[PDB]
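Here the structure is laid out as structure tokens; the discussion comes afterwards.
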Protein chains: 2
Amino acid sequence: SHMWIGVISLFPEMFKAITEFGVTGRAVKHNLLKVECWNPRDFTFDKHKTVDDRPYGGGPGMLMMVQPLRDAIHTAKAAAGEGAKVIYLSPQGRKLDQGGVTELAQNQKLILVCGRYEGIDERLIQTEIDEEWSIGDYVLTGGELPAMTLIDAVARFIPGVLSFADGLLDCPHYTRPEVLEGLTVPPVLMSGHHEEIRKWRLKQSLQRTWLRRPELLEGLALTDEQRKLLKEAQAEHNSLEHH
Amino acid sequence: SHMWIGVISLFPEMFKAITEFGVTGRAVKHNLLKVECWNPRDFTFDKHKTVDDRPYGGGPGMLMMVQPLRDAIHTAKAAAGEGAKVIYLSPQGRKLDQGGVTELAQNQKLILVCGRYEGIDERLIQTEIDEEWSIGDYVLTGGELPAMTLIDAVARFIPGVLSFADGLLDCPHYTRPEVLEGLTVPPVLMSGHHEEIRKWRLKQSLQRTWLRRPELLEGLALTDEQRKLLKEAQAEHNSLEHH
Ligand SMILES: C[S@@+](CC[C@H](N)C(=O)[O-])C[C@H]1O[C@@H](n2cnc3c(N)ncnc32)[C@H](O)[C@@H]1O
Ligand SMILES: C[S@@+](CC[C@H](N)C(=O)[O-])C[C@H]1O[C@@H](n2cnc3c(N)ncnc32)[C@H](O)[C@@H]1O
């Protein structure tokens, strides 16, 4: 495979969501993407396979038990070999974005640590984790969805598996029928004029980015064409009434 | 159930990731959360159950076929009844954050439309969708993970199901053993001093937010205690060497 991803999770079966369906599922079956899981519960030794533990200092909630998680991590690292970057999914980590995705996609091996409960021991992060990554400024019940989100995002960059390409939102899309609930497809898209169609899409993208996410434009160095199309959109916007 | 979520997806089985595991899985089994899916493929009429279609204007990629998707949406709305907010998961939508999560959690009924391929017809968004939401500035292969991310996030706010609570990153956590690879647990956490422990956690949160996500603090109105603890952390930071 072009990319191998080790996963530490109490719920390995959750990953079937990406390994068994759609383009990512195809990628896995075709060995372009390999996802291997290790479950901390399999590394417990007590009768009830305990995987959580009490946080020092008290407070509500529990934490992942260190020993089972630590052993699971070590086993994954042994299976990965040298060169594998170990990531902990966490809202305290670097916020994921397309730029970060392409950066992570450069790794041929990754080990993703998925926490549950209130998280994991800080010392494990310092001694076992290379990088902490967040998929957004919100809190989820576990690191599994965040891990799958990361895998799915990077997988798109793996040759053969298959917006923001120019740091812009995508343009609107249209398919059959020509008229839907009285709404028609923009005439230009049905003209067959490749060049005009190209410009329409770029202009729409610039317009939509300007109107919905103006901040995204600030950190962007526009080409002469982009500057022109944007100015046209803004001029057209300024010649209209608005709600 | 306290919250009912309708889902339109070509891959209903992906949702087992949240309905069959962990706290969200418990919430579903206990009827606190209800997730019902409709698959556009079930609404096709041609021999091969086609669910994609060509985008007008050409260009690579396909789009969700309108008729099957539209019919799936209508059926969900009929099953939901009045009051259900229809959301389309899309990177062009409002970027999800804890504030948005709590806002969405106020809805007792939600219908989540999950796209595949290059997306869906813009006219469907205008005629069937109430709001567009994104889980982050990155591109995924489908709206299923984003939808599950949204469901998981909101589910945490449903009474009985169970960071950023104060707009701050969480503080470090520790559990057994007392010493891990030569690293000890901060003495204060094992002192039993509830008040000192409380202050340590708040201070750590402020410190971590300041160091990792300084922007998060700007849009925050600190309490006198928070201002004090932050100043202490910064003073302590300024009295040390740094790498
Ligand atoms: C309920 S959360 C724990 C939140 C906790 N207050 C903290 O300090 O991490 C459970 C697990 O899901 C992960 N998680 C939750 N939200 C996440 C996000 N936005 N991105 C990545 N991982 C996330 C956590 O890092 C943690 O391992
Ligand atoms: C490959 S994406 C299509 C990207 C396309 N360029 C666009 O204009 O939407 C396939 C599906 O996943 C959804 N999706 C991808 N990234 C997402 C995100 N960050 N948040 C929410 N939905 C997302 C899309 O909205 C779309 O329905």
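Residue 1 is the first one shown; counting continues down the chain.
Each residue, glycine too, has its Cβ placed from N, Cα and C.
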Problem set entry | Additional site residue, B:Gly81, B:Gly99, B:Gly115 [criterion: listed by Swiss-Prot with B:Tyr88, B:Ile135, B:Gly136, B:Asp137, B:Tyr138, B:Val139, B:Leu140 for S-adenosyl-L-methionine] | B:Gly115
Exercise. Between the binding-site residues B:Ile135, B:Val139, B:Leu140, whose Cβ has more other Cβ atoms within 10 Å than any of the rest?
Worked result: B:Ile135
For this session: Between B:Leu162 and B:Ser163 the chain has a hole of 9 residues; just give the Cα distance across it in whole angstrom, please.
Result: 14
Exercise. Which of the three DSSP states, helix, strand or coil, fits B:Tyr88 (S-adenosyl-L-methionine binding site)?
Worked result: strand
Problem set entry | the expression tag (B:240-243): DSSP-derived helix, strand, coil residue counts | 0 helix, 0 strand, 4 coil
Exercise. Among the binding-site residues B:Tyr88, B:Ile135, B:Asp137, B:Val139, B:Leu140, which sit with their Cβ under 8 Å from a Cβ of chain A?
Worked result: B:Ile135, B:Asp137, B:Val139, B:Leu140
Exercise. Can you count the other CB atoms that lie within 10 A of the CB of B:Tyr138 (S-adenosyl-L-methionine binding site)?
Worked result: 25
